[PDB]
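K.L.:
what follows is a protein structure lacking sequence information:
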């Protein structure tokens, strides 16, 4: 039930992209899409539409000390801009 | 016996005022740095 509730809420046509690369023509790809994904739900409903709220970043630290391991792993980062920002280049 | 009498008191006033300013500010600097440690949380996760 958790799985269906999750799928119900997320696997919707407007949130999916059928992509293909190679020796094929877009027209054939589209005809197959119409043929096989037409029944794909394009609406969970009105009181639906999973939308992301911004995720706060926190300057902080997490240290899991384990002297029994032979090498140390360290990852450090500042908050980045997000996908669509020009600054990424 | 104490010609420096008036001057030390005027200076003492300035010293008290400066301390009234510097002591809480340095203390604020102390708590700022130390906050990293004062709010830190520990957890023990042994294998078992």
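P.N.:
Now that the structure is in, tell me what you want to look at. Residues are numbered from 1 along each chain as shown, chains lettered A, B, ... in the order given.
K.L.:
tell me the centre residue of chain A?
P.N.:
With distances taken as CA atoms, centre = their mean, the residue of chain A nearest its centroid is residue A:15 (9.4 Å).
K.L.:
likewise for chain B?
P.N.:
Note: chain B centre (CA atoms, centre = their mean) maps to residue B:27, 3.0 Å.
K.L.:
work out the gap between stretch B:3-17 and the centre of the chain.
P.N.:
Remark: stretch B:3-17 is offset 22 Å from the chain centroid, using CA atoms, centre = their mean, to the nearest Å.
K.L.:
what residues sit buried inside it?
P.N.:
By 16 or more other CB atoms under 10 Å in any protein chain shown, stretch B:3-17 has no buried positions at all. Backbone N, C-alpha and C define where each C-beta goes, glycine included.
K.L.:
for chain A, what spans make up the strands?
P.N.:
Under the criterion DSSP state E, chain A contains no strands.
K.L.:
could you check how far residue B:38 is from residue B:32?
P.N.:
Residue B:38 is 11 Å from residue B:32, where distance means CB to CB, to the nearest Å.
K.L.:
now swap in residue A:79 and tell me
P.N.:
To residue B:32, residue A:79 is 21 Å away according to CB to CB.
K.L.:
then residue B:45?
P.N.:
30 Å.
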